[PDB]
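Participant: Below you'll find the sequence and an experimental structure to go with it.
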2 protein chains.
Amino acid sequence: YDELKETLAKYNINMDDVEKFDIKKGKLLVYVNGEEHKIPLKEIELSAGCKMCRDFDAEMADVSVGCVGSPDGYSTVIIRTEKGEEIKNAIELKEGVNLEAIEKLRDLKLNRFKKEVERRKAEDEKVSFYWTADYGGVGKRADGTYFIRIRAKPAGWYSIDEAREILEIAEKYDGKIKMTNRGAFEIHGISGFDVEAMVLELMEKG
Amino acid sequence: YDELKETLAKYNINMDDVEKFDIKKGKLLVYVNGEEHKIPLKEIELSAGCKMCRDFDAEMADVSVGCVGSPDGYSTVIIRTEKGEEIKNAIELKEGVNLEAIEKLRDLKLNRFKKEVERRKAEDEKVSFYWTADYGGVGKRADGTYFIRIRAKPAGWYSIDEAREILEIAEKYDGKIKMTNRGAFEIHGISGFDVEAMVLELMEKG
Ligand SMILES: Cc1cc2nc3c(=O)[nH]c(=O)nc-3n(C[C@H](O)[C@H](O)[C@H](O)COP(=O)(O)OP(=O)(O)OC[C@H]3O[C@@H](n4cnc5c(N)ncnc54)[C@H](O)[C@@H]3O)c2cc1C
């Protein structure tokens, strides 16, 4: 609040008189005593934790609502659960949302997060690797690194090509091979900084 | 017996009058009428089953006795068990056996066996893979090929290099990878003709 008020003070805008705020096209819009003042987002310092955030569209909500992707005066509605489906009784909904506009904001937020994580890695600052729990098969070892379990293939049969692919990915991330008593490859010693990239690489290979 | 008798008849020897036989340095020695006759073993047909034999020195006996590697009028004595050690009480034994003379015949016999198995392979003749039981970790599959179980390493840890070596040997012999519920690599589909060569290769890699 103090940062936004101080920023408004720079443009000679009294916060106590503002009619409405808005954030559109990467700019903050202020409506006070008549016309709307345009302030670039770059010029306002965001809450620090927002730099560590990955979730643009509230992907876990029953229903998510925003302005991006839909005409002005309308709200974008993303229905995700049967509870969220009840909004169809309350609102006359239309199709035609601009899906690519929403995805662009997903990527910009993720790139902001990647820059902040890289900066913490370079500066020896603390990182909580909270997104490892986004993925199945990830466990935390006693020493603060992670193991990644590749779900056992039926009857423990692996093609030579498949096994070689697993070893190549393990080598790339300095992982160590452990064979479980259910016939799975489990790769140990993965840095929290590498877990997401390695899992996606494994998923890409099937 | 009939083959030896007819062979001797060709050299004008009546087997009934023979005083002693000997096999030394590639020859059949025949002592008859106070004479020594030498017949190259190459001119004599051996019993068919000997071509499929691997064991020159009776390697499973309590004590094995022969003439190779010791001076004329002595017997070579290879003691292998505590039962065999009792011969030390019956015989004043001497050291100095020519071990290479014995090894030379081990390898000649093995090479003869390899030639006959290869001949049978080429002719699609019946081979009994009786020597697969010389090695641990070898099992017979339902379809007449074999699996080779690599004894699980402690806690199922394998170096990337170790796993790659196993896969390379599996590939060479057209083997298929199965991971056991004790953390072992088990290689399936190995021909009886290849089992020994493959096991020795794995043993060579440690
Ligand atoms: C901080 C912030 C950033 C946003 N950024 C974007 C964006 O980048 N892109 C985008 O498309 N939309 C964004 N929105 C959402 C958008 O501004 C609207 O809130 C949304 O479209 C709903 O509009 P509405 O007219 O349907 O809701 P309304 O009927 O106006 O109701 C708004 C609801 O928002 C809730 N609310 C308001 N402020 C907050 C807050 N600080 N914390 C929690 N709840 C709050 C109120 O409780 C209210 O129920 C943002 C909203 C906020 C609060």
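Facilitator: That came in fine, so what should we check first? Numbering: from 1, shown residues only, chains lettered A, B, ... in the order given.
Participant: Who is residue A:28 paired with across the strands?
Facilitator: With DSSP bridges as the criterion, residue A:28 is bridged to residue A:23, residue A:39.
Participant: Would you tell me which helix is longest in chain A?
Facilitator: Longest among the helix segments of chain A by residue count, using DSSP state H, is helix A:99-123.
Participant: ok, residues contacting that one?
Facilitator: A:51-57, A:66, A:68-69, A:76, A:125-127, A:193 (C-beta atoms under 8 Å, 6 or more residues apart in numbering or on different chains). In this view, the C-beta of every residue, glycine as well, is placed from N, C-alpha and C.
Participant: repeat that with 10 Å
Facilitator: A:26, A:46, A:48-57, A:59, A:64, A:66, A:68-70, A:76, A:78, A:98, A:125-129, A:131, A:191-193, A:196 (C-beta atoms under 10 Å, 6 or more residues apart in numbering or on different chains).
Participant: now do stretch A:16-35
Facilitator: A:4-5, A:7-8, A:11, A:13-15, A:36-44, A:66-68, A:72, A:105, A:108.
Participant: Filter those down to the buried ones.
Facilitator: A:4, A:7, A:8, A:13, A:39, A:44, A:66, A:68 (16 or more other C-beta atoms under 10 Å in any protein chain shown).
Participant: will you turn those residues into a markdown table that also has secondary structure?
Facilitator: A markdown table is the format used below for those (DSSP: H, G, I helix; E, B strand; the rest coil):
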| residue | secondary structure |
| --- | --- |
| A:4 | helix |
| A:7 | helix |
| A:8 | helix |
| A:13 | coil |
| A:39 | strand |
| A:44 | coil |
| A:66 | strand |
| A:68 | coil |
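Participant: closest to chain B among those residues?
Facilitator: Distances from chain B to those, taken as C-beta to the nearest C-beta, are shortest for residue A:68 (45.8 Å).
Participant: all strands for chain A, in order.
Facilitator: In chain A, the segments counted as strands under DSSP state E are A:18-24, A:27-32, A:36-40, A:63-66, A:76-79, A:138-140, A:146-149, A:157-158, A:176-179, A:185-190.
Participant: With distance to residue B:84 as added columns, please give the ones you listed in a markdown table.
Facilitator: Converted to a markdown table, these look like this (distance: least, C-beta to C-beta, whole Å):
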| stretch | distance to residue B:84 |
| --- | --- |
| strand A:18-24 | 94 |
| strand A:27-32 | 97 |
| strand A:36-40 | 96 |
| strand A:63-66 | 85 |
| strand A:76-79 | 85 |
| strand A:138-140 | 57 |
| strand A:146-149 | 53 |
| strand A:157-158 | 47 |
| strand A:176-179 | 43 |
| strand A:185-190 | 49 |
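Participant: got the phi/psi numbers for the residue nearest to the spatial centre of chain A?
Facilitator: With distances taken as C-alpha atoms, centre = their mean, residue A:54 lies nearest the centre of chain A, 2.3 Å away. With angles defined as degrees, to the nearest 10, residue A:54 sits at phi -110, psi -20.
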